[PDB]
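Engineer: Below is a structure I'd like to ask you about.
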Amino acid sequence: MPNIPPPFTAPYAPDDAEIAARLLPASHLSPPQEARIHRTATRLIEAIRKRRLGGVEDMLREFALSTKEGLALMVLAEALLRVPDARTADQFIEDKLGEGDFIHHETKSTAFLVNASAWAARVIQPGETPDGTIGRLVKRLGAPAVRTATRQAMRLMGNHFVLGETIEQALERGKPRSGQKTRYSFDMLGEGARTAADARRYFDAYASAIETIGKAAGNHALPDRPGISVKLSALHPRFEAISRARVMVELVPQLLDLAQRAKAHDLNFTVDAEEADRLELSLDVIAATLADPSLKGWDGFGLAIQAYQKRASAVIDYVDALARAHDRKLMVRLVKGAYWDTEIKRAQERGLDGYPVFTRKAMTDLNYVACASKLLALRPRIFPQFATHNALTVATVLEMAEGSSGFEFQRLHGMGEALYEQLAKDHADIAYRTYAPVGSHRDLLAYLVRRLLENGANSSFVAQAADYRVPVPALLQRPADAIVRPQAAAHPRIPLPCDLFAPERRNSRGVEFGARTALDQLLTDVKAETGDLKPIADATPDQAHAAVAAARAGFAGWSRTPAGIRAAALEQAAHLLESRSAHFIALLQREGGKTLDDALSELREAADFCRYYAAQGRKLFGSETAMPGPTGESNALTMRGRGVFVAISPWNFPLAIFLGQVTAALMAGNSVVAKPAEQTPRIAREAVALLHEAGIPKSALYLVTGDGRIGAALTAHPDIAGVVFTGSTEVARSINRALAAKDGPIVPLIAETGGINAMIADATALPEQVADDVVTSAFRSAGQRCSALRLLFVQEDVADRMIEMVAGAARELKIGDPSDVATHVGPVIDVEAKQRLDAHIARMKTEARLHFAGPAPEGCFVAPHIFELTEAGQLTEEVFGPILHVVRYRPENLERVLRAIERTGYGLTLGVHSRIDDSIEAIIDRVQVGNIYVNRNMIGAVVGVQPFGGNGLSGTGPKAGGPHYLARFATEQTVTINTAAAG
Amino acid sequence: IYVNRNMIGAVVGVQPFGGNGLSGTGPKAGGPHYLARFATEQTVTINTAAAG
Amino acid sequence: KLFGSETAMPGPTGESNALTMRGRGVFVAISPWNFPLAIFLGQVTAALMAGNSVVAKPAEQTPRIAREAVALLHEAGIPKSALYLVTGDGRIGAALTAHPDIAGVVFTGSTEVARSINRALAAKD
Amino acid sequence: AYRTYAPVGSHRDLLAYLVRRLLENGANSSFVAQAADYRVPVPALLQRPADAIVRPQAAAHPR
Ligand SMILES: Cc1cc2nc3c(=O)[nH]c(=O)nc-3n(C[C@H](O)[C@H](O)[C@H](O)COP(=O)(O)OP(=O)(O)OC[C@H]3O[C@@H](n4cnc5c(N)ncnc54)[C@H](O)[C@@H]3O)c2cc1C
Ligand SMILES: Cc1cc2nc3c(=O)[nH]c(=O)nc-3n(C[C@H](O)[C@H](O)[C@H](O)COP(=O)(O)OP(=O)(O)OC[C@H]3O[C@@H](n4cnc5c(N)ncnc54)[C@H](O)[C@@H]3O)c2cc1C
Ligand SMILES: NC(=O)c1ccc[n+]([C@@H]2O[C@H](COP(=O)([O-])OP(=O)(O)OC[C@H]3O[C@@H](n4cnc5c(N)ncnc54)[C@H](O)[C@@H]3O)[C@@H](O)[C@H]2O)c1
Ligand SMILES: NC(=O)c1ccc[n+]([C@@H]2O[C@H](COP(=O)([O-])OP(=O)(O)OC[C@H]3O[C@@H](n4cnc5c(N)ncnc54)[C@H](O)[C@@H]3O)[C@@H](O)[C@H]2O)c1
């Protein structure tokens with residue numbers, strides 16, 4: 001009867017200290033309360049340290065394995081467990097494993113997870129160099145220990161996971177005896193559908209699991225019936241804030257169907273909690289689902305809430321209001337949180353104003369107990385479920401319950417066993433639910449990774465309890481006593497994103513699209529910025545020469561302006577850029593045709609260029625360098641501006657590359673004449689006016705607009721001191737020839753040009769991450785980035801799955817007006833671009849296999865295309881659009897692949913996806929490419945982090961946004977003074 | 001530039017030597033900017049998150 | 001200092017970023033007659049130190065010292081495969097600089113010859 | 001050929017013997033201890049003694 005709560009919108013990353021100022025006093029307990037807790041917890045830990053077979057943490061500790069090594073052995077273990085004849089596995093383990101074929105075993109066992117037929121008698125030659133994850137393990141531990149470790153992995157995989165090639169096989173394997181109930185609830189493997197077909201498969205798997213669980217549910221009432229865990233990202237291929245409109249329309253009926261099926265068996269149905277940027281969207285979906293009248297009269301629906309998030313307490317308020325408003329009973333799982341490292345990395349990458357999670361473990365522990373107290377007081381409408389394997393957390397929640405009724409604890413099969421058995425011994429009324437991981441092999445890898453991060457974490461309770469160096473009393477330290485003071489809440493060694501580069505420079509600010517207040521405000525601000533797009537008159541060859549003459553006159557004064565003053569101008573420019581981000585983002589979208597995230601990212605990059613060049617500028621030009629020499633003599637090295645630089649920029653980064661080149665030249669003490677791409681003069685003119693306002697003298701910087709002919713007039717001018725160019729390889733050569741033709745000084749040419757960028761993915765790569773990174777690298781910004789992926793090499797054993805996943809993912813990209821927040825792929829720059837792209841597409845259709853040709857809206861649009869080539873040699877040009885080419889290869893032919901890459905002459909970006917350090921390192925050793933990206937996408941180089949730029953046909957160097965850039969814009973001068981007369 | 005002494009016999013690492021304009025491109029021989037010009041830069045970026 | 005080890009770049013947690021400097025390829029080194037030893041070796045050893053192989057063409061007037069110098073470099077630890085001496089006039093110098101496979105040119109000599117070399121480089125595709 | 005010895009005697013002589021025995025099994029520098037610690041890579045157990053000393057003047061322990 002109460003009002004349905006408003007869409008959830010708590011502040012994303014509030015101040016830790018203020019939260020601690022509330023939680024610390026409230027955490028206080030009386031001496032008798034603490035005494036009970038201490039006793040219960042000691043008893044739990046004693047049982048834990050009894051020592052049963054063991055868990056993953058025991059294996060990692062026993063053989064001192066990295067997470068990567070643990071993962072590789074568990075993968076090999078599953079492959080070995082699925083071999084029909086156990087004697088067959090035994091023979092392999094003793095005779096082949098650890099003897100050789102190290103990389104082959106790692107590759108085959110991993111491919112097995114997506115391609116069962118891939119894993120099936122070789123002959124191992126002696127003396128093989130131990131390489132690969134397994135070979136390195138063998139060198140370190142010895143082959144016999146690796147076999148022993150593998151056998152242990154086999155008992156872990158066989159005992160603690162319910163797995164099969166398909167869901168049906170997993171479910172059959174996980175069944176109980178007869179007319180009996182499953183002793184476990186199902187933690188389903190699936191997450192993050194990449195394709196529409198993935199989302200249907202996961203839906204079907206859940207549906208199938210619900211029937212299996214149902215038919216073996218027992219006759220008791222809730223809470224004493226089994227549960228299933230479900231992930232929203234598994235049920236929708238673009239589960240994200242910017243796609244909220246389609247998500248609400250497509251995902252809800254799906255989740256509703258599954259909830260109804262669970263209701264019919266009167267099951268516990270739990271929606272898992274995922275990344276922080278999906279919190280708000282998930283609550284929207286969950287609320288709309290819960291509202292459906294078909295879910296009345298059922299008490300099993302629920303969701304997980306992560307206490308490691310500052311928003312946790314507010315989520316609980318929201319969930320309770322939801323429950324009262326629809327008059328429902330809910331089962332609510334409280335967890336700490338499984339994605340901590342991800343949240344830290346993301347907030348840093350995204351330049352957020354803070355972290356959505358606590359950064360000290362004790363703060364998470366404090367907030368968990370505080371949230372538990374909150375949930376307990378919401379009984380009986382809310383049935384709390386405390387999922388944790390921490391003995392102190394358990395003991396503390398029990399004490400606060402003052403009873404054992406109306407809540408449960410939870411644990412994952414293979415963890416918390418000794419703990420909860422002992423808890424049950426000491427408290428007969430206590431209930432705990434045990435979940436088993438259940439699913440297909442194709443979903444194992446993604447799940448194993450997350451699982452291993454936590455079992456291998458030093459801070460984890462389970463790990464420490466298993467380490468007998470850690471005394472029992474240490475595991476019993478109260479969280480409040482670790483924090484002591486509110487101002488100590490945040491972790492002292494984790495800087496806020498804005499301080500990522502301190503004390504060098506400030507970081508530009510970003511926006512969290514997953515926070516509706518932030519995204520809505522950004523959208524509004526950009527919308528408020530208007531632009532009719534008035535034509536910008538071209539310059540005549542006379543005006544261009546006048547510009548050079550004027551720049552030439554201004555060089556004397558600018559070059560002699562103190563470096564600190566030049567740097568201050570750049571830094572004020574950065575300030576004005578971010579201050580006016582909406583205006584410039586608006587321009588980037590209108591004139592540049594960029595989607596919102598690409599525009600914001602370019603704005604950030606522009607400001608980063610200013611601050612970074614300002615910072616490097618002071619180091620380089622701030623003072624002379626004293627040279628060692630004899631007594632009675634001084635020797636000083638200085639760097640002076642060269643003269644007038646001509647800066648020529650492209651249309652694809654009309655602001656950041658424009659400003660990067662210009663501010664670099666300016667910082668070095670040069671005056672500049674800048675000619676922007678014909679397509680994007682407006683933003684260039686805005687940038688220049690901004691630089692002037694920031695402190696760049698009118699006499700130091702001139703904008704000349706026009707075509708390649710006006711650009712030619714500038715580069716041919718006899719009085720210029722150098723040229724900084726970014727554009728086509730062909731135009732660079734033309735400029736270079738015009739420069740070399742002159743009889744004057746040989747001036748510097750910095751030329752950054754295209755590439756035919758490859759990615760190499762082997763069978764140890766996670767197909768879902770490959771697909772993400774391939775889709776991003778090749779199709780983001782309509783493939784109009786120089787760093788963009790053009791050629792994917794994929795090992796044949798995984799080619800079909802990887803290609804199919806990229807295609808399915810590409811189909812989910814929204815193509816259209818870049819100003820619509822839901823758009824993934826905007827238009828290409830002009831009619832000429834589209835025609836050239838369409839011509840290549842037409843040609844490729846008659847020369848190579850078409851895997852995907854997306855649907856494009858009328859206008860200057862080109863959709864993602866995927867072609868498979870017979871050989872790489874079929875791709876001979878940089879095609880500047882959303883067009884992926886794929887070649888599959890045999891593992892023994894990597895050399896051929898590397899020759900194919902070397903053959904083009906380009907060398908800008910290269911992607912490598914592989915678990916195998918030795919393979920990654922062999923590739924790096926071999927290639928000369930400027931930017932190599934491993935196990936991530938190939939785009940969005942960050943100033944001062946990924947100095948960007950290639951060689952061969954891809955560029956001259958030095959790398960923009962790196963420490964060798966500014967020097968190229970200057971000239972050296974040595975002053976030697978005989979000082980002897982001074983004495 | 002040489003002040004109150006002769007103009008010749010630049011010493012390696014003391015007087016980085018070489019000119020501009022019609023006199024040269026740089027970087028100066030026997031100075032700290034020379035070697036870099038003979039090399040190319042390579043940036044290697046690795047997503048290490050799977051390990052921690 | 002420069003090539004001894006990589007430079008770590010600041011970045012987000014969960015990511016490593018390292019800057020390295022690698023040899024470019026084959027450098028053509030062309031030297032004058034007026035400092036037949038020191039400028040010859042200066043240019044040659046700089047290129048070698050940066051990890052390039054080198055084809056060196058000495059001034060036609062002073063091949064002997066250059067050949068003695070190359071011999072000394074080989075004896076000092078420079079592999080025969082990393083360093084070759086080619087003697088002759090400006091035409092042989094022109095052949096070297098015109099070669100499509102070279103990765104750079106280090107030259108000391110007349111402003112006029114520098115420009116012709118610059119033009120030959122620019123002319124290549 | 002290898003000979004295996006068994007400790008043989010009366011309880012009244014055990015303590016004195018156990019002490020000496022435990023000093024060596026609990027020593028960080030002991031081969032048996034390190035071999036049993038999987039953090040120590042096989043190649044580490046294989047370092048030649050001469051390569052640890054390197055120079056005559058480094059023979060004595062510096063601390
Ligand atoms: C049945 C079950 C279902 C679960 N469902 C989900 C889910 O849907 N979504 C989800 O995100 N998690 C979920 N989890 C939680 C996750 O998988 C881990 O098990 C959990 O976070 C560990 O908490 P703990 O009290 O057992 O271990 P503890 O060792 O006491 O705490 C470990 C954790 O503290 C936090 N942490 C670690 N370092 C820091 C730091 N420097 N600063 C702040 N916090 C830190 C983390 O959240 C981390 O996992 C579930 C767990 C179980 C058992
Ligand atoms: C059957 C048998 C009978 C034995 N009888 C005797 C005996 O009668 N008298 C006797 O004294 N020992 C005797 N020992 C030796 C002793 O008991 C140890 O077993 C032995 O010294 C260990 O050598 P190791 O090569 O097996 O182990 P390792 O780990 O290779 O070496 C361990 C040892 O190196 C030496 N050492 C350790 N640290 C240092 C240091 N900082 N500087 C210099 N040296 C160091 C010690 O001698 C020490 O025991 C006997 C051993 C066996 C197996
Ligand atoms: N390596 C990098 O960092 C990087 C960054 C951005 C773009 N690019 C490259 O730029 C290309 C796409 O952008 P584009 O179409 O604008 O490049 P483009 O060669 O077509 O022209 C770019 C710029 O040079 C000017 N220009 C054209 N002809 C000229 C001439 N004869 N003399 C002097 N100037 C002349 C243009 O008018 C313009 O401002 C791709 O090949 C791409 O990979 C490389
Ligand atoms: N700035 C300095 O550091 C420095 C140092 C020493 C000498 N120099 C200059 O060197 C000059 C005098 O000596 P030089 O007579 O040997 O110079 P030079 O121009 O006559 O030629 C010198 C070198 O280039 C080669 N060469 C000639 N024509 C060539 C061509 N068309 N293509 C490729 N290579 C060619 C020669 O055979 C020789 O090895 C002066 O102008 C002097 O100032 C400058």
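Ordering of the structure tokens sets the chain letters (A, B, ...), residue numbers begin anew at 1 in every chain, and ligands are numbered from 1 in the order given.
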Please, which residues of chain C lie no more than 6 Å from chain A when the count uses only C-alpha atoms, and can they be set out as a list in words?

Structural biologist: residues 9, 10, 11, 12, 13, 118, 119 and 122 of chain C

Engineer: Near chain C, which residues of chain B fall within 7 Å when you count only C-alpha atoms, and what do they look like as an MDAnalysis selection string?

Structural biologist: chainID B and resid 22 35 38:49 52

Engineer: Mind listing the residues within 8 Å of ligand 3, only C-alpha atoms and all ligand atoms counted, as an MDAnalysis selection string?

Structural biologist: chainID A and resid 648:653 657 675:678 706:715 725:732 734:735 751:755 784:787 878 880 908 948:950 954:955 960

Engineer: Got a sec: who's within 8 Å of segment 793-805 of chain A, counting only C-alpha atoms, leaving out chain neighbours fewer than 3 positions off, as a tab-separated table (two decimals) with C-alpha atoms, in the first residue's frame?

Structural biologist:
```tsv
chain	number	residue	atom	x	y	z
A	111	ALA	CA	40.35	-25.10	-26.17
A	114	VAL	CA	34.77	-24.31	-26.02
A	115	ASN	CA	35.63	-27.02	-28.53
A	118	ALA	CA	39.82	-30.33	-29.99
A	194	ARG	CA	27.87	-11.25	-25.73
A	195	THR	CA	25.29	-12.33	-28.31
A	758	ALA	CA	46.62	-7.01	-36.15
A	759	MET	CA	45.58	-8.97	-33.11
A	760	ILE	CA	46.83	-12.46	-32.28
A	761	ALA	CA	44.53	-14.60	-30.14
A	762	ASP	CA	45.45	-18.18	-29.15
A	763	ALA	CA	43.31	-20.93	-27.62
A	767	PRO	CA	36.67	-16.03	-25.98
A	768	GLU	CA	34.28	-13.57	-24.25
A	770	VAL	CA	38.52	-11.53	-27.05
A	771	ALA	CA	35.10	-10.74	-28.45
A	808	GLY	CA	26.91	-11.80	-32.52
A	809	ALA	CA	28.35	-9.01	-30.43
A	851	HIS	CA	30.71	-13.56	-41.53
A	886	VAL	CA	39.99	-12.46	-39.86
A	887	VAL	CA	42.54	-15.17	-40.59
A	888	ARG	CA	42.55	-18.51	-38.73
A	889	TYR	CA	45.88	-20.29	-38.21
A	890	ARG	CA	47.49	-23.51	-36.97
A	891	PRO	CA	49.49	-23.16	-33.71
A	897	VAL	CA	51.51	-15.12	-38.87
```

Engineer: Taking only C-alpha atoms and all ligand atoms and a cut-off of 12 Å, can you tell me which residues surround ligand 2, written as an mmCIF file with N, CA and C atoms, in the first residue's frame?

Structural biologist:
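Below is the file that was written, pocket-v9.cif:
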```cif
data_model
loop_
_atom_site.group_PDB
_atom_site.id
_atom_site.type_symbol
_atom_site.label_atom_id
_atom_site.label_comp_id
_atom_site.auth_asym_id
_atom_site.auth_seq_id
_atom_site.Cartn_x
_atom_site.Cartn_y
_atom_site.Cartn_z
ATOM 1 N N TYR D 2 74.071 -46.835 -0.471
ATOM 2 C CA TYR D 2 73.880 -45.896 0.625
ATOM 3 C C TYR D 2 73.469 -46.603 1.914
ATOM 4 N N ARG D 3 74.039 -46.133 3.015
ATOM 5 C CA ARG D 3 73.788 -46.676 4.334
ATOM 6 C C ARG D 3 72.750 -45.811 5.039
ATOM 7 N N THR D 4 71.774 -46.453 5.669
ATOM 8 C CA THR D 4 70.758 -45.732 6.422
ATOM 9 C C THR D 4 70.951 -45.994 7.910
ATOM 10 N N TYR D 5 71.100 -44.922 8.682
ATOM 11 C CA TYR D 5 71.255 -45.050 10.124
ATOM 12 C C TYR D 5 69.943 -44.748 10.820
ATOM 13 N N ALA D 6 69.670 -45.509 11.871
ATOM 14 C CA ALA D 6 68.528 -45.252 12.736
ATOM 15 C C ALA D 6 69.016 -44.770 14.096
ATOM 16 N N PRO D 7 68.379 -43.725 14.636
ATOM 17 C CA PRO D 7 68.725 -43.311 15.998
ATOM 18 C C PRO D 7 68.249 -44.387 16.958
ATOM 19 N N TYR D 17 69.641 -35.290 22.150
ATOM 20 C CA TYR D 17 69.734 -35.612 20.736
ATOM 21 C C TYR D 17 68.695 -34.856 19.892
ATOM 22 N N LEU D 18 67.462 -34.776 20.385
ATOM 23 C CA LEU D 18 66.389 -34.114 19.649
ATOM 24 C C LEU D 18 66.724 -32.661 19.337
ATOM 25 N N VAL D 19 67.287 -31.973 20.328
ATOM 26 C CA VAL D 19 67.674 -30.574 20.203
ATOM 27 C C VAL D 19 68.577 -30.360 18.994
ATOM 28 N N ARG D 20 69.696 -31.076 18.973
ATOM 29 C CA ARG D 20 70.642 -30.953 17.876
ATOM 30 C C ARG D 20 69.941 -31.224 16.549
ATOM 31 N N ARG D 21 69.134 -32.279 16.516
ATOM 32 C CA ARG D 21 68.408 -32.668 15.310
ATOM 33 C C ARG D 21 67.482 -31.567 14.792
ATOM 34 N N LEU D 22 66.793 -30.895 15.709
ATOM 35 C CA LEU D 22 65.790 -29.896 15.344
ATOM 36 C C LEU D 22 66.407 -28.589 14.852
ATOM 37 N N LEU D 23 67.603 -28.269 15.337
ATOM 38 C CA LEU D 23 68.289 -27.061 14.900
ATOM 39 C C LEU D 23 68.490 -27.089 13.390
ATOM 40 N N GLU D 24 68.773 -28.276 12.865
ATOM 41 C CA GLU D 24 69.137 -28.421 11.461
ATOM 42 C C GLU D 24 67.919 -28.541 10.540
ATOM 43 N N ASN D 25 66.881 -29.228 11.005
ATOM 44 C CA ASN D 25 65.642 -29.335 10.239
ATOM 45 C C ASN D 25 64.859 -28.024 10.211
ATOM 46 N N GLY D 26 65.108 -27.167 11.198
ATOM 47 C CA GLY D 26 64.439 -25.881 11.284
ATOM 48 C C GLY D 26 65.282 -24.725 10.769
ATOM 49 N N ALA D 27 66.458 -25.041 10.231
ATOM 50 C CA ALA D 27 67.361 -24.023 9.699
ATOM 51 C C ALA D 27 66.950 -23.594 8.291
ATOM 52 N N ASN D 28 66.834 -22.285 8.079
ATOM 53 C CA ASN D 28 66.471 -21.749 6.767
ATOM 54 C C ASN D 28 67.477 -22.138 5.687
ATOM 55 N N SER D 29 68.747 -22.210 6.071
ATOM 56 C CA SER D 29 69.824 -22.500 5.129
ATOM 57 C C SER D 29 69.903 -23.978 4.746
ATOM 58 N N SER D 30 69.183 -24.831 5.469
ATOM 59 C CA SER D 30 69.279 -26.260 5.225
ATOM 60 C C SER D 30 68.625 -26.641 3.896
ATOM 61 N N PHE D 31 69.274 -27.555 3.185
ATOM 62 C CA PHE D 31 68.796 -28.001 1.888
ATOM 63 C C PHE D 31 67.445 -28.685 2.020
ATOM 64 N N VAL D 32 67.322 -29.538 3.033
ATOM 65 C CA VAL D 32 66.102 -30.304 3.231
ATOM 66 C C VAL D 32 64.904 -29.395 3.463
ATOM 67 N N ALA D 33 65.117 -28.319 4.212
ATOM 68 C CA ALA D 33 64.051 -27.367 4.499
ATOM 69 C C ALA D 33 63.608 -26.659 3.225
ATOM 70 N N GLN D 34 64.577 -26.115 2.493
ATOM 71 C CA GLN D 34 64.303 -25.389 1.264
ATOM 72 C C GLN D 34 63.638 -26.266 0.201
ATOM 73 N N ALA D 35 64.144 -27.480 0.028
ATOM 74 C CA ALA D 35 63.555 -28.394 -0.937
ATOM 75 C C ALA D 35 62.085 -28.626 -0.608
ATOM 76 N N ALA D 36 61.751 -28.564 0.676
ATOM 77 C CA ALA D 36 60.384 -28.810 1.127
ATOM 78 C C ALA D 36 59.513 -27.561 1.026
ATOM 79 N N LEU D 45 68.067 -24.389 -5.858
ATOM 80 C CA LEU D 45 68.722 -25.426 -5.074
ATOM 81 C C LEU D 45 69.982 -25.902 -5.784
ATOM 82 N N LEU D 46 70.127 -25.494 -7.043
ATOM 83 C CA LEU D 46 71.186 -25.999 -7.912
ATOM 84 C C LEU D 46 72.330 -25.014 -8.119
ATOM 85 N N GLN D 47 72.242 -23.860 -7.473
ATOM 86 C CA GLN D 47 73.301 -22.868 -7.568
ATOM 87 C C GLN D 47 74.604 -23.488 -7.088
ATOM 88 N N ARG D 48 75.658 -23.362 -7.883
ATOM 89 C CA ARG D 48 76.959 -23.854 -7.447
ATOM 90 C C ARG D 48 77.548 -22.968 -6.347
ATOM 91 N N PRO D 49 78.176 -23.598 -5.342
ATOM 92 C CA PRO D 49 78.751 -22.883 -4.197
ATOM 93 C C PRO D 49 79.749 -21.807 -4.621
ATOM 94 N N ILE D 53 79.926 -17.591 -3.679
ATOM 95 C CA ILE D 53 81.080 -16.922 -3.083
ATOM 96 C C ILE D 53 81.707 -15.902 -4.041
ATOM 97 N N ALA D 59 84.752 -14.708 1.320
ATOM 98 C CA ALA D 59 84.611 -16.030 1.927
ATOM 99 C C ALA D 59 83.896 -15.977 3.281
ATOM 100 N N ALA D 60 84.385 -15.125 4.178
ATOM 101 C CA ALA D 60 83.795 -14.968 5.503
ATOM 102 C C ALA D 60 82.420 -14.312 5.432
ATOM 103 N N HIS D 61 81.545 -14.637 6.379
ATOM 104 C CA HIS D 61 80.232 -14.005 6.425
ATOM 105 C C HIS D 61 80.376 -12.557 6.877
ATOM 106 N N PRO D 62 79.801 -11.624 6.098
ATOM 107 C CA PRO D 62 79.945 -10.174 6.269
ATOM 108 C C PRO D 62 79.251 -9.665 7.522
ATOM 109 N N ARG D 63 78.331 -10.448 8.076
ATOM 110 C CA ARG D 63 77.590 -10.004 9.255
ATOM 111 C C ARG D 63 77.913 -10.792 10.524
#
```

Engineer: How many Å lie between atom CA of residue 705 of chain A and atom CA of residue 941 of chain A, rounded to one decimal?

Structural biologist: 27.8 Å

Engineer: Counting only C-alpha atoms, what is within 8 Å of residue 829 of chain A, bar same-chain residues fewer than 2 positions away, as an MDAnalysis selection string?

Structural biologist: chainID A and resid 592:593 651:652 679 827 831 833:834 860

Engineer: Can those selected residues be exported to a file as a tab-separated table (two decimals), in the first residue's frame so that it contains N, CA, C and O atoms?

Structural biologist:
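After the write, out_5.tsv holds the following:
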```tsv
chain	number	residue	atom	x	y	z
A	592	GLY	N	32.25	16.29	-35.38
A	592	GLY	CA	33.03	15.07	-35.44
A	592	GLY	C	32.21	13.80	-35.60
A	592	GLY	O	32.74	12.77	-36.00
A	593	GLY	N	30.93	13.88	-35.27
A	593	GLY	CA	30.06	12.71	-35.35
A	593	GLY	C	30.38	11.65	-34.31
A	593	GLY	O	30.09	10.46	-34.51
A	651	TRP	N	40.91	14.62	-39.12
A	651	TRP	CA	39.52	14.86	-38.72
A	651	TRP	C	39.04	13.92	-37.61
A	651	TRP	O	38.01	14.18	-36.98
A	652	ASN	N	39.76	12.83	-37.36
A	652	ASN	CA	39.26	11.78	-36.48
A	652	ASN	C	39.45	12.07	-34.99
A	652	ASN	O	38.70	11.57	-34.15
A	679	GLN	N	37.39	18.89	-42.85
A	679	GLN	CA	36.11	18.49	-42.27
A	679	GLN	C	35.82	19.10	-40.90
A	679	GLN	O	34.66	19.20	-40.49
A	827	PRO	N	28.11	7.92	-37.50
A	827	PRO	CA	28.37	7.92	-38.94
A	827	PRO	C	29.85	8.07	-39.23
A	827	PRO	O	30.60	8.54	-38.38
A	831	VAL	N	30.85	11.64	-47.19
A	831	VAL	CA	30.43	10.83	-48.33
A	831	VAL	C	31.60	10.10	-48.98
A	831	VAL	O	31.47	8.96	-49.40
A	833	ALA	N	34.34	9.08	-47.56
A	833	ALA	CA	34.77	7.98	-46.71
A	833	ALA	C	33.86	6.77	-46.92
A	833	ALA	O	34.34	5.65	-47.12
A	834	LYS	N	32.56	7.00	-46.90
A	834	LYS	CA	31.60	5.91	-47.06
A	834	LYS	C	31.77	5.20	-48.41
A	834	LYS	O	31.72	3.97	-48.47
A	860	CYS	N	25.25	8.80	-44.08
A	860	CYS	CA	26.69	8.52	-44.05
A	860	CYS	C	27.04	7.47	-43.00
A	860	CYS	O	27.89	7.71	-42.13
```

Engineer: Let me see if you get this right: every residue at most 9 Å from ligand 4, counting only C-alpha atoms and all ligand atoms, written as a count of residues only.

Structural biologist: 47

Engineer: Between A:271, A:665, A:419, A:614, which residue has the minimum interatomic distance to ligand 1, considering only C-alpha atoms and all ligand atoms?

Structural biologist: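 With only C-alpha atoms and all ligand atoms as the atom set, the closest residue is A:271.
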
Engineer: Could you pull out all residues of chain B with a DSSP call of helix (DSSP H, G or I) and give them as a list in words?

Structural biologist: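 Put together, the selection reads residues 21, 22, 23, 35, 36, 37 and 38 of chain B.
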
Engineer: Suppose we keep N, CA, C and O atoms; can you now write the selection as a short mmCIF file (atom, residue, chain, number, x, y, z; two decimals), in the first residue's frame?

Structural biologist:
```
data_model
loop_
_atom_site.label_atom_id
_atom_site.label_comp_id
_atom_site.auth_asym_id
_atom_site.auth_seq_id
_atom_site.Cartn_x
_atom_site.Cartn_y
_atom_site.Cartn_z
N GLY B 21 70.28 25.11 -38.52
CA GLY B 21 70.17 25.79 -39.79
C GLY B 21 70.91 24.97 -40.83
O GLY B 21 70.83 23.75 -40.85
N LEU B 22 71.67 25.65 -41.68
CA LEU B 22 72.43 24.99 -42.73
C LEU B 22 73.58 24.14 -42.18
O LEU B 22 74.24 23.41 -42.93
N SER B 23 73.82 24.23 -40.88
CA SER B 23 74.94 23.53 -40.25
C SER B 23 74.61 22.12 -39.73
O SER B 23 75.51 21.37 -39.38
N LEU B 35 71.82 9.31 -28.84
CA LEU B 35 71.50 7.89 -29.00
C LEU B 35 70.03 7.63 -29.32
O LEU B 35 69.72 6.80 -30.19
N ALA B 36 69.14 8.32 -28.63
CA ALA B 36 67.70 8.18 -28.82
C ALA B 36 67.28 8.23 -30.29
O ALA B 36 66.38 7.50 -30.71
N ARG B 37 67.92 9.11 -31.06
CA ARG B 37 67.54 9.30 -32.45
C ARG B 37 67.79 8.05 -33.29
O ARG B 37 67.16 7.87 -34.32
N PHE B 38 68.70 7.20 -32.83
CA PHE B 38 69.03 5.96 -33.52
C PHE B 38 68.10 4.80 -33.17
O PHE B 38 68.25 3.69 -33.69
#
```

Engineer: Can you work out the spacing between atom CA of residue 282 of chain A and atom CA of residue 383 of chain A in Å, to one decimal?

Structural biologist: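 Atom CA of residue 383 of chain A lies 20.2 Å from atom CA of residue 282 of chain A.
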
Engineer: Please identify all residues of chain A having at least one atom at most 8 Å from any atom of chain D, considering only C-alpha atoms, and return them as a PyMOL selection string.

Structural biologist: chain A and resi 62-64+139-142
